[PDB]
Each structure stands twice: as structure tokens, then as C-alpha cells.
Amino acid sequence: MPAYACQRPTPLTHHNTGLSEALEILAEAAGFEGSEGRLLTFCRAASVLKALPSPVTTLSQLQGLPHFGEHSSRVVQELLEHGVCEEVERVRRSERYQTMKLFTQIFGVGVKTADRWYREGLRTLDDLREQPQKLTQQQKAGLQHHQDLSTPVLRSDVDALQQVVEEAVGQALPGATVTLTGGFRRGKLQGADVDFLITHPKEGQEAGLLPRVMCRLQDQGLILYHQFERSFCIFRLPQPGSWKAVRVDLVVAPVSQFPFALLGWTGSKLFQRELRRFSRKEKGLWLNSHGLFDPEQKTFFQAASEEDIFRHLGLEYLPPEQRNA
DNA sequence: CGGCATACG
DNA sequence: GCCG
Ligand SMILES: [Cl-]
Ligand SMILES: [Cl-]
Ligand SMILES: [Cl-]
Ligand SMILES: [Cl-]
Ligand SMILES: [Mg+2]
Ligand code: NA
Ligand code: NA
């Protein structure tokens, strides 16, 4: 089992779901306390289990697996023995965990804001609604739309949004293309949001594109909220006899950078962190969603595909469905 | 022990 | 919290 998640296939569904979900609770809790190091280890340990070819049934099967030390091993041991881990259950029950989760789930609210509100004694969404003067416009939107945004987005919803985005993109810039990215591209059947990557086959034609797109969507009455290369929107999605709010991200990249942007927006988040870490630490190359830089030669690697990028990094190719770290 | 991904709004 |  290799040490980096980008070195191993990680399918969407796997054989250790319970164990990984427990470790990811501890990861999430670590994040709420600002311990990014511990969050990463628990995330990585969870991801290792997702990559295994069968269920862990005994503690000895953890021997030699990367990112499993005393703490993660004890978590698994307790789950194997008793079906629950006391530490995990304690986190789940805690007012701190439950409230930070509730607050950080709000669009416009991060760990730092949530934590300050927690310390001020706030606990519920209605606590936040009672004092709207203390909210940003983004947070006000996140709070107004919070119920709909908590409802899973379905693959049928995605098909409908894509058609709508293509229509606006087509008027904004003929020949421009729309690619579904993020979790739905990795094969998820549901999600919390929808991600699209927009480009044009003629380098440079994509400049100034996103404002034109946003203006056209807004004129069609489809935009409930928006704030450039990236747009974080709330869309009005038609429903039977009504509609619901859905988070949609739109991203534009020049076609020269498209493979990097595609790779970068297809995720998973942990996969991208691990891939960038691998690139820099193992290969001495600097990766981001725009390119891959060799800081010795001071040159950028030209990629024509994601396949190119994996090859340049000396990694076997992983399709999106195997990037579910 | 240092490091932990890397951007944009 | 774990790895190198
Ligand atoms: Cl608590
Ligand atoms: Cl409507
Ligand atoms: Cl170059
Ligand atoms: Cl980036
Ligand atoms: Mg997404
Ligand atoms: Na948030
Ligand atoms: Na998104």
C-alpha cells in the first residue's frame, strides 16, 4: 500500500465504510479545533481503508499500512471489538462538534467564524437569524437558503443545470464548452453542489467570459445569489410545481490550462492535496490548477490531457472514479 | 524535529 | 497524528 493517495486507486464505494466514517469524524473534529495536522492524518488513514480490497476484520491487518499508528489503530480496534469507538461517540454527542458542524455547513461561514459564534454562546440557526446585522450578505444568503442547500443534489438535477449553463455559455461565447467536474465527475449519484469548468478551443477567447455568462444567467432569473475566474452561485432549479436552491460553481480556464484545471476541479479534495504534496516532495515539481512548474529549469509543463499530467509525475493514470480518496 | 496543497473572491 |  503506497503512502500517497494519488498512488493508489480509491473507488467511490468500498469495503470499510464504517471504519473510514469513524476516522473522518475525528478528522472533522480536529479541523474544528484548528489542528490541520491531525485532520490530515485521520483523513489519510480513512482513505487507506477505502483503498483496501476487502474488509479489515482483525487488528493485525493494519500492520504495515501507512498512516496507522497508535491512535487510528486503537479507533479501529474498538470498532472491531465493540462496534463503536468511545472517543468517536463522545465527539458525535458533544455540543461543540454539533454546533461547529451546523455553523460551518452554512455558505459564508468557516471554522474561524463558527468558533467565534460558539464562544459568544450562539448555538442555533435561529440564534443567527435574530441578529442579522452581524452577518455578511453571503452569510445571509447561506442562511436563507440553508434548508434547500442541505437537500442532496441528484444526477437528474445535474443534467438540467448543465443544459441551462450551456445555453448561457453559448450566447456569451459561441464555441465555448462546459465540462462537469467535481464529485459528479468521480461518479457520485448525489452531492451538495455542482461544479462546471468552461473553456474555449481558441486560446485567449475565454478572457472576460464569466461576467458575460453570469449576466445572462441572471437575466434569465436563474440566479438567487452570486458575488474573475470562479463564481460561487446559488441557482434557482425548477422542481415539480416549484423550485429549489442549488449551489453551483462555475470556473473558466484557458484551453492551454484546461487539463490542469480539470484535474484540479475533479478532486477529491484529499486526492488533490496528496497529488500536490507528491509532486513537490517526491518529484520536485510545483502543481496547481493552472500548471506544473519545474523550479530548476524554470519551465512549465505543457499538458494536452490529464493522462499527460500523470505521466509527467511518474504516476499510473487514475480515472476520476478512482480518485475518491 | 518539520511538514502538512494551493489557489481565487 | 503520523512520516521521513
Ligand atoms: Cl462540547
Ligand atoms: Cl420557477
Ligand atoms: Cl515554460
Ligand atoms: Cl490552484
Ligand atoms: Mg463539488
Ligand atoms: Na461554510
Ligand atoms: Na463546488
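Below, chains carry the letters A, B, ... as their sequence lines are ordered, and counting in each starts from 1.
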Please table the atom pairs, donor to acceptor, closer than 3.5 Å between any side-chain atom in residues 43-56 of chain A and protein atoms at least two apart or in another chain.
| residue | atom | partner | partner atom | Å |
| --- | --- | --- | --- | --- |
| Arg44(A) | NE | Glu274(A) | OE2 | 3.0 |
| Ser47(A) | OG | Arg8(A) | NH2 | 2.7 |
| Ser47(A) | OG | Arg44(A) | O | 2.7 |
| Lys50(A) | NZ | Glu24(A) | OE2 | 2.7 |

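Taking atom CG on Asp249(A) and atom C1' on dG9(B), their separation rounds to 12 Å, with Å as the unit. Here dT6(B) presents its P atom at 12 Å from CG of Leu285(A), a figure rounded to the nearest Å. In this structure, CG of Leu250(A) is placed 14 Å from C1' of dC8(B), rounded to the nearest angstrom. In this structure, CG of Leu270(A) is placed 14 Å from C1' of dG1(C), rounded to the nearest angstrom. Atoms CZ (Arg276(A)) and P (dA7(B)) sit 7 Å apart, rounded to a whole Å. One interatomic measurement links the two molecules: CZ of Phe107(A) to P of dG9(B), which rounds to 13 Å at whole-angstrom precision. Taking atom CZ of residue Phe68(A) and atom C1' of nucleotide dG1(C), one finds them 12 Å apart after rounding to whole Å. Rounded to whole Å, atom P of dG1(C) lies 8 Å from atom CD of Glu87(A).
Proximity of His67(A) to the phosphate of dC2(C): no side-chain N or O atom is located under 4.0 Å from OP1 or OP2. Residue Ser279(A) has no polar side-chain atom (N or O) positioned under 4.0 Å from OP1 or OP2 of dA5(B). At least one side-chain nitrogen or oxygen of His290(A) sits closer than 4.0 Å to the OP1 or OP2 atom of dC8(B). Side-chain N/O atoms of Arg38(A) include one lying less than 4.0 angstrom from OP1 or OP2 on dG1(C).
Nucleotides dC2(C) and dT6(B) have their P atoms positioned 23 Å apart, rounded to a whole Å.
For the pair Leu210(A) and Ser231(A), the minimum side-chain heavy-atom distance is below 4.5 Å. Residues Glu282(A) and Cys6(A) are not in side-chain contact: their nearest non-hydrogen atoms beyond the backbone lie 4.5 Å or more apart.
Partners of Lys269(A) according to the side chain to side chain donor-acceptor pair (under 3.5 Å) rule, which considers only residues two or more places apart in sequence or in another chain, do not exist here.
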Contacts under 3.5 Å, N or O only, protein and nucleotides 1-3 of chain B:
| residue | atom | partner | partner atom | Å |
| --- | --- | --- | --- | --- |
| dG3(B) | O3' | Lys281(A) | NZ | 3.2 |

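Between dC4(B), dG9(B), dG4(C), one nucleotide has an atom nearer to the side chain of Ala3(A) than all others, and that is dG4(C). For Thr41(A), whose side chain is taken as the heavy atoms from C-beta onward, the closest listed nucleotide among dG1(C), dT6(B), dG9(B) is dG1(C). Comparing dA5(B), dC8(B), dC2(C) against the side chain of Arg230(A) picks out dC8(B) as the nearest.
Across all their heavy atoms, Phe260(A) and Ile309(A) have their closest contact at CD2-CD1, 3.6 Å.
Across all strands, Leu287(A) comes closer than 4.0 Å only to sugar-phosphate atoms, never to a base (heavy-atom distances). Residue contacts shown for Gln272(A) are absent, as no nucleic acid heavy atom lies under 4.0 Å away.
Side-chain atoms of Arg280(A) stay outside donor-acceptor range of the base of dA5(B), with no qualifying N/O pair under 3.5 Å.
Relative orientation of the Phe293(A) and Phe300(A) rings is tilted, given thresholds of 30° and 60° on the angle between their planes. Using the six-membered ring where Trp is involved, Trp117(A) and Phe103(A) have ring planes that are perpendicular, over 60° apart on the 30 and 60° scheme.
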Kindly determine whether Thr57(A) and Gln61(A) satisfy side chain to side chain donor-acceptor pair (under 3.5 Å), including the steps that lead there. CA-CA 7 Å; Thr57(A) 50; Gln61(A) 287 163 337; 3.3 Å; yes
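Residues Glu274(A) and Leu210(A) both approach DNA chain B. Their nearest nucleotides, taken by heavy-atom distance, put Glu274(A) toward the 5′ side.
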